[PDB]
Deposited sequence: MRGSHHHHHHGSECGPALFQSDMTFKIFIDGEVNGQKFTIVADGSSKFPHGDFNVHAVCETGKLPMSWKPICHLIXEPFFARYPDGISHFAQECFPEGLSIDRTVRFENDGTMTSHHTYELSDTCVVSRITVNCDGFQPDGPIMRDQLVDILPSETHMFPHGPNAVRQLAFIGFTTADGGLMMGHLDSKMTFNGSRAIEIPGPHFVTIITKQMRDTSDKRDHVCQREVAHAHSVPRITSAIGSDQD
């Protein structure tokens, strides 16, 4: 009644604080955005606070809101079920022939705004590769795969791909776990998919290092077949 989805029936906002490093160099991001009900198509503005981000903004796409994915009736929406107590996320994305980003995320809801703090360590990145040299152009869509992971968690597996300036491709491997903070016995959804489409663009309003990003996310399932 006033937990889970019931708390996502109106328009909402969110705010994010990221504390990071890449190959030793530190950085800080703050961001804010919003999601109109019925959700699933939303936007975020982000800025680097410490000056110029020392790596492509593109791999940050997934740090700058699973509870704003839209779920149809018939599939339990774990990330929305986690409230009001909140949730955490532990995530690794490993880039082929390049480095790995490991992040930890906390989410709290107050009123109609969800606040996140994230620490991320980006290590082993190649100084000459497209990430450190800012040569990533588009973000490919993903059909991310979701699985139940014990009584209090769900796991997300994905292939996250980026096109490059010379017309090629860089592949990332995402493995992510969402854990409910409370003791309450929420419904763990069974195996399903979440389709995620993303478009990041530089905001040349300010002379600050800042980007706008839009996301469409929608969960679905696939039927069995008989013999």
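Numbered from the first deposited residue, the unresolved ranges run 1 to 11, 76, 240 to 246.
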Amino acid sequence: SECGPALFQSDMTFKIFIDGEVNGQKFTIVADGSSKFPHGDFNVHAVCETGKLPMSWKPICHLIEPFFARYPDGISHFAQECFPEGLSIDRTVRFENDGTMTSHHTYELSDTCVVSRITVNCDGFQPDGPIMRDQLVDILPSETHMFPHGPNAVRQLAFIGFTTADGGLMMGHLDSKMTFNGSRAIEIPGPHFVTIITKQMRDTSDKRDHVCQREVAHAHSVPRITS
From here on, numbers count along this sequence of modelled residues.
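Of the two segments, 214 to 222 and 21 to 29, the one listed with the higher mean B-factor is 21 to 29 (C-alpha atoms only). Stretches 156 to 164 and 30 to 38 differ in mean CA B factor, with 30 to 38 having the higher one. When the C-alpha B-factors of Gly51, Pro66, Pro59, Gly190 are read from the PDB record, the largest value belongs to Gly51. Note on the listed residues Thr112, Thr144, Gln80, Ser103: the highest Cα temperature factor in the record is that of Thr112. For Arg94, the recorded CA temperature factor ranks within the lowest third of the chain's modelled residues. Placement of the Cα temperature factor of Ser183 within the chain: highest third of the modelled residues, per the deposited record. In the PDB entry, a CA B factor belonging to the highest third of its chain's modelled residues is recorded for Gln126.
The entry lists a Cα temperature factor for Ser76 that places it in the lowest third of the chain's modelled residues. Split the chain's modelled residues into thirds by C-alpha temperature factor. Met55 is in the highest one.
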